[PDB]
Each structure stands twice: as C-alpha cells, then as structure tokens.
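For reference, the structure I am asking about is given below.
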Amino acid sequence: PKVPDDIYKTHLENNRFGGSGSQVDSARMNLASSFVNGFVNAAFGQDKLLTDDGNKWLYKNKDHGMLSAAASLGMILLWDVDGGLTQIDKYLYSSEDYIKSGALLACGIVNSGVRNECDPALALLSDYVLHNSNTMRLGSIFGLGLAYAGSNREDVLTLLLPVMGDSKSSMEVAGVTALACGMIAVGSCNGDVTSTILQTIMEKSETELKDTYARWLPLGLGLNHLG
Amino acid sequence: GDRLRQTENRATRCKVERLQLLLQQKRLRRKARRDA
C-alpha cells in the first residue's frame with residue numbers, strides 16, 4: 001500500500017516555510033488525504049490508513065469529510081463484493097449518520113462494475129432509500145446508482161423513482177436521485193424515468209430551480225437518453 | 001429516534017449475516033463446480 005505522503009513527497013520541495021507556515025484548512029486537507037488514499041489504493045483491498053485503524057482516520061475528518069472518507073473504503077475494496085461487507089460492517093453501525101451514509105455508499109461502490117445473484121447492493125441499500133435523514137438518503141441513493149449503473153433494473157428503478165417526488169427530499173436528494181436513475185437507465189429511453197424527471201422539473205418553482213443542485217435533473221434526462 | 005436507529009441496526013445486521021451466508025454458499029458452489 002501507498003500512503004498519501006508517498007505521493008505528496010513534501011520533503012523534496014524546498015521547505016522555506018517548514019516552521020510557522022501558511023495555516024491551511026486542516027479538515028479540508030484531511031479530506032484531500034482521504035480521497036488521495038482511496039484513489040491510490042483503489043481495487044487493491046489493502047490500505048495503510050483505514051485498515052490498520054480506520055476509526056481514527058475517519059474521526060480526523062469533519063462533517064461530510066467523514067462521509068467521503070468512509071466511501072473511500074469501498075473505493076479501495078472495489079470489485080470485492082465478498083470482502084467488502086466483512087470490512088464495511090464495522091462502519092455500517094456507527095453513531096454518526098455521516099459515517100453510516102459513507103458505509104452505504106462504500107457498499108454501492110464495491111458492488112459497482114460487478115454483478116452477483118445475491119444483489120447485496122439492493123439488499124443493503126433498499127432500507128435507507130426513504131429514511132428521514134437526508135444524508136443517509138443521499139448515501140443510499142448514490143450507492144444504488146453506482147452499483148446498478150447501466151443495468152436497467154426495473155425493480156431498482158421503481159424503488160428509486162418515488163424519492164424524486166417525495167415531499168421530505170431536499171433539492172440535493174432530488175438531483176442525486178435523478179443522477180442515480182440516469183446511471184441505472186443509461187441508453188434505455190425509459191418512459192418511467194423520463195416522465196418522472198419531467199414531472200419533477202415542472203413541479204418546482206423558479207426560485208427552487210435557481211439552485212445549482214437542480215442541474216442534476218437535466219443531467220439525469222440526458223444520461224437516460226445518451227447516444 | 002434512538003429506537004428507530006436500533007431497529008435499523010438490527011435489521012442491517014440480520015441482512016448482512018444472511019448475505020455473508022449466501023456468498024459463502026455461492027463461493028463453495030463455484031469451487032465445487034470448478035473442481036468438477
């Protein structure tokens with residue numbers, strides 16, 4: 001395994017400010033480190049940061065950084081559905097909604113790109129699709145979308161579609177559900193998906209559409225109709 | 001709140017255990033087929 005420091009190679013650079021240097025956002029830099037570790041160790045299954053003691057590294061981050069860092073574990077365990085759960089279970093039951101959402105997304109990522117008859121992604125992420133916590137909704141929706149991208153699974157699509165129209169769904173959750181549906185139905189021209197997205201777009205007001213998160217609905221339609 | 005979270009945790013535990021069992025069965029079946 002390669003830790004982020006190996007990639008960074010700070011000692012080579014001229015350490016002009018090795019002492020009281022610029023005070024950068026430590027939480028943001030920890031998030032960057034988590035992303036870098038995930039990318040560098042992707043698909044290998046071993047990692048020198050989360051595997052040895054993952055709770056310390058996770059709690060080193062702040063707020064959503066915990067969600068991203070937790071998902072990094074699934075990124076690392078990519079294509080290892082069998083081994084993904086036995087490692088992500090520890091974080092699947094956590095006192096932090098961010099960590100639990102990250103574990104959901106990690107399971108989705110782990111299942112992404114491979115297909116089993118056990119449908120682990122559905123089995124695990126169908127529970128939190130409509131949960132009252134928007135963060136967990138986001139994690140589960142994105143995990144399911146990544147796990148079943150390009151599959152055109154009617155069961156998953158019918159599970160996901162009501163989320164867009166559900167009342168207690170922020171614009172973020174609506175856009176993420178549109179993205180997930182587009183990924184699941186890419187190159188399918190699904191009547192259900194297109195009708196749902198069009199209805200959702202029409203239902204909202206000008207002030208709500210001024211939000212940037214709303215840009216993910218036209219993206220969902222385009223992904224559905226790609227090519 | 002807390003009760004709902006505990007119930008969700010129990011449900012996820014049960015689902016994970018069932019999943020690991022099914023995956024172990026699938027792995028051993030694949031190994032048996034490959035040996036055959």
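What follows draws every value from the coordinates through simple rules; no lab data is involved. As a convention, Cβ positions derive from the backbone with ideal geometry for all residues, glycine included, and neighbour counts pool all protein chains shown.
Does A:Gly102 qualify as being within 23 Å of A:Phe39 (Cβ to Cβ) and buried (at least 23 other Cβ atoms within 10 Å of the Cβ)?
It is true that A:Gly102 is within 23 Å of A:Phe39 (Cβ to Cβ) and buried (at least 23 other Cβ atoms within 10 Å of the Cβ).
So, one more: From the list A:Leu160, A:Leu179, exactly one residue is without any contact (Cβ under 8 Å) to a residue 60 or more places away in the chain, part of a helix (DSSP H, G or I) and in contact with a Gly (Cβ under 7 Å, 6 or more places away or on another chain). Which is it? Even if it seems obvious, please write down each step before you answer.
Details: A:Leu160 fails: in contact with a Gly (Cβ under 7 Å, 6 or more places away or on another chain).
Of A:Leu160, A:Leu179, the one residue that is without any contact (Cβ under 8 Å) to a residue 60 or more places away in the chain, part of a helix (DSSP H, G or I) and in contact with a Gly (Cβ under 7 Å, 6 or more places away or on another chain) is A:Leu179.
Same structure again: Looking only at segment A:136-157, decide whether some residue is in contact (Cβ under 8 Å) with a residue 40 or more places away in the chain and either among the polar types (S, T, N, Q) or in contact with a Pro (Cβ under 6 Å, 6 or more places away or on another chain) (or both).
Scanning segment A:136-157 turns up no residue that is in contact (Cβ under 8 Å) with a residue 40 or more places away in the chain and either among the polar types (S, T, N, Q) or in contact with a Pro (Cβ under 6 Å, 6 or more places away or on another chain) (or both).
Do the conditions hold for A:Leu217, that is, is it of a type outside the set (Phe, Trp, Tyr) and within 14 Å of chain B (Cβ to nearest Cβ)?
So A:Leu217 does not fit the description; no.
Another one. With the requirement that a residue be in contact with a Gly (Cβ under 9 Å, 6 or more places away or on another chain), over 18 Å from A:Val3 (Cβ atoms) and assigned to a helix (DSSP H, G or I), what does segment A:71-86 give you? Write out each step before concluding.
Of all residues in segment A:71-86, those in contact with a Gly (Cβ under 9 Å, 6 or more places away or on another chain) come to A:71-80, A:83-84.
From the residues that got through so far, the ones that are over 18 Å from A:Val3 (Cβ atoms) too are A:71, A:74, A:78-80, A:83-84.
Matches in segment A:71-86: A:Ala71, A:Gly74, A:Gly83, A:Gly84.
Go through segment A:113-149 residue by residue and tally those that are under 23 Å from B:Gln25 (Cβ atoms) and under 11 Å from the mean Cα position of the chain (by Cα).
Adding up the residues that qualify gives 1.
Quick check on my filter: what residues within segment A:87-96 are out of contact with any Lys or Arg (no Cβ under 9 Å at 6 or more places or on another chain) and assigned to a helix (DSSP H, G or I)?
Passing the criteria: A:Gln87, A:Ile88, A:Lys90.
Considering only segment B:1-22, state which residues are closer than 14 Å to A:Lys90 by Cα and more than 12 Å from the chain's Cα centre (by Cα).
Of everything in segment B:1-22, those that are closer than 14 Å to A:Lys90 by Cα and more than 12 Å from the chain's Cα centre (by Cα) turn out to be B:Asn9, B:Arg10.
If we keep just the residues of segment A:131-153 that are surrounded by fewer than 22 Cβ atoms within 10 Å (Cβ to Cβ), of a type outside the set (S, T, N, Q) and more than 12 Å from chain B (Cβ to nearest Cβ), which is farthest from A:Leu179 (Cα to Cα)?
A:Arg153
What do you reckon, is A:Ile109 more than 12 Å from every other protein chain (Cβ to nearest Cβ) and either among the aliphatic types (A, V, I, L, M) or touching a strand residue (DSSP E or B) at 6+ places or on another chain (Cβ under 8 Å) (or both)? Walk me through it before giving the result.
Details: more than 12 Å from every other protein chain (Cβ to nearest Cβ): yes; either among the aliphatic types (A, V, I, L, M) or touching a strand residue (DSSP E or B) at 6+ places or on another chain (Cβ under 8 Å) (or both): yes.
Yes, satisfied.
Same structure again: Do we have A:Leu124 as aliphatic (A, V, I, L, M), closer than 22 Å to A:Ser34 by Cα, without any contact (Cβ under 8 Å) to a residue 60 or more places away in the chain and not in a loop (DSSP other than H, G, I, E, B) here?
Working: aliphatic (A, V, I, L, M): yes; closer than 22 Å to A:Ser34 by Cα: no; without any contact (Cβ under 8 Å) to a residue 60 or more places away in the chain: yes; not in a loop (DSSP other than H, G, I, E, B): yes.
When the stated conditions are applied, A:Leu124 does not pass them.
Being at the interface with chain A (Cβ under 9 Å from one of its Cβ atoms) and not small (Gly, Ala, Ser) is the filter here; which residues of segment B:11-26 pass it? I'd like the intermediate steps shown before the answer.
Pass one, segment B:11-26, residues at the interface with chain A (Cβ under 9 Å from one of its Cβ atoms): B:11-13, B:15-16, B:18-20, B:22-24, B:26.
Answer for segment B:11-26, where residues must be at the interface with chain A (Cβ under 9 Å from one of its Cβ atoms) and not small (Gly, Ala, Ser): B:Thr12, B:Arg13, B:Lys15, B:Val16, B:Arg18, B:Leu19, B:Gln20, B:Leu22, B:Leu23, B:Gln24, B:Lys26.
Return a yes/no flag: does segment A:107-118 have any residue that is surrounded by fewer than 18 Cβ atoms within 10 Å (Cβ to Cβ) and of a type in the set (A, V, I, L, M, F, W, C).
So in segment A:107-118, the residues surrounded by fewer than 18 Cβ atoms within 10 Å (Cβ to Cβ) come out as A:113-117.
Those left that are additionally of a type in the set (A, V, I, L, M, F, W, C): A:114.
Yes.
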